[PDB]
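A single chain comes next, written as structure tokens; it is the form deposited in one PDB entry.
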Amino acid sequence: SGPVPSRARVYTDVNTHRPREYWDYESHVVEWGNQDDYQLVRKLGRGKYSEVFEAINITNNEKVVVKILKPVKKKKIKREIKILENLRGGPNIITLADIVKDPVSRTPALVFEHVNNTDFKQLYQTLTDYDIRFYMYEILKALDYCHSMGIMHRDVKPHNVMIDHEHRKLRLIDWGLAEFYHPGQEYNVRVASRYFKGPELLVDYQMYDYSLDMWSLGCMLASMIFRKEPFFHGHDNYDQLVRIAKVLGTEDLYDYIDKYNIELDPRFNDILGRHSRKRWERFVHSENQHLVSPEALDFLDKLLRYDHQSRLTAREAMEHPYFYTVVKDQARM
């Protein structure tokens, strides 16, 4: 048997046509700075891979953000650093300003730009229909760039999207799981938050591409327009696929399995059963109908697909009628 191979429909060989230095990050040499150039003000958040502090650049008295990294392989550190430097300057990509090492503890610390972030737990209450469309378009601009730069984020989630609603600014952060795309490469399925794990990550299909990020975005869009965060709320990875199967149906799931000859785990076939593909009207009620339109539902359906190749690309998504009002307003400046 063996699973059927896969290639990205867009930006397939962009990395092949680049210098080895670009994607071969194990050979990247980091230029460190002194963390005594920064004074920490307060902890902004914790996490599995880092603890994030607000800090001050004492050489110019300007607010920055210090991400003190948790002990991971040196390889993964170089990967995140190289990717950040490669994507630096891109649309709504977080800006890496410095890379310092504490003189005492000798720990790697990435220094980022400061953005007045309002948390989505309080932000998703003041968002209008236009606000959702607008910010979705902003994430797409960041995703289309990094995809065109041969990089998939592999960890798209609300926690990783900083938003300055007062200044309409958006930034895509945390690229510690991001990876360079190479046609034919089998990647680790152990990426992204459980609720945003694509079906390929759950059925153990390792040859995925940029389309993984498009799934996660779909989970964000579903959460926003239906006011259910998170939309696919599973208790583990096995149940996660079941929660997905209860919406998109088991019909397309087993066709997905059959097409790519994916050997399915002997546990799934006992908890999946059979389900019909529910219409998106079944998730529309009085409290969220002001966010749901035929344009909204059409755009969503074209993101949440088992077959990663049938999902929209970032650019294809940016040309959807769902963003027609946003595009016209951005052209008038």
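Here, rigid core means the biggest group of C-alpha atoms that superpose within 1.5 Å across both forms. Residue indices: 1-based, along the sequence shown.
A second form of this protein, the form solved in complex with a partner chain, is not displayed here; the remarks below concern that form.
Here is the short version: of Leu291, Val284, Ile68, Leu297, the single residue with a heavy atom within 4.5 Å of the partner chain in the deposited complex is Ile68. Interface residue among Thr107, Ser148, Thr250, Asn117, judged by heavy atoms within 4.5 Å of the partner chain in the deposited complex: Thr107. Proximity to the partner chain in the deposited complex, taken as heavy atoms within 4.5 Å, picks out 95-103 from the listed stretches 95-103, 137-145, 210-218, 161-169. With a 4.5 Å cutoff on heavy atoms, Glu51 counts as touching the partner chain in the deposited complex. At least one heavy atom of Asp36 is located within 4.5 Å of the partner chain in the deposited complex.
Within 4.5 Å of some heavy atom of the partner chain in the deposited complex lies at least one heavy atom of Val41.
The shortest heavy atom separation between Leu272 and the partner chain in the deposited complex exceeds 4.5 Å.
Core superposition between this form and the one not shown leaves every listed residue (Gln185, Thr128, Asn261, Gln122) with a C-alpha shift below 2 angstroms except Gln122. With the core held fixed between this form and the one not shown, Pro103 has its Cα displaced by at least 2 Å.
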